[PDB]
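Visitor:
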Amino acid sequence: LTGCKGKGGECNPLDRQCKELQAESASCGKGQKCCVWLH
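In terms of the entry's author numbering, the sequence shown opens at residue 37 and continues consecutively.
#1: Cβ of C70 within 8 Å of Cβ of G42?
#2: Straight-line CA distance for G39 to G67?
#3: Straight-line CA distance for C64 to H75?
#4: Name the one or two DSSP bridge partners that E46 has.
#5: When DSSP labels each residue in this structure, what does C54 get in the three-state scheme?
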């Protein structure tokens with residue numbers, strides 16, 4: 037469903053094994069994206 041938690045989740049590198057967004061990757065800025073921890 038959701039690729040973050042609320043305040044922003046956690047910022048990770050683009051070359052990572054976790055979820056990704058376009059609207060919330062801007063919270064991390066330019067060069068990172070938002071990820072999750074659930075399965």
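The beta carbon of each residue, even a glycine, is placed where N, CA and C say it ideally should be.
Guide: Walking through what the data contain:
#1: Here residue 70 is taken as the residue at index 34 of the sequence shown, counted from 1. Here residue 42 is taken as the residue at index 6 of the sequence shown, counted from 1. Against a cut-off of 8 Å, the Cβ pair of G42 and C70 comes out as no contact.
#2: In the sequence shown, counting from the first residue as 1, residue 39 sits at position 3. In the sequence shown, counting from the first residue as 1, residue 67 sits at position 31. Note on geometry: alpha-carbon atoms of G39 and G67 lie some 17 Å from one another.
#3: Reading the sequence shown from its first residue, position 28 is the one you call residue 64. Reading the sequence shown from its first residue, position 39 is the one you call residue 75. So the alpha carbons of these two residues sit roughly 22 Å apart.
#4: Here residue 46 is taken as the residue at index 10 of the sequence shown, counted from 1. Per DSSP, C71.
#5: Residue mapping note: residue 54 aligns to position 18 of the sequence shown, counting from 1. Reduced to three states, the DSSP call for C54 is coil.
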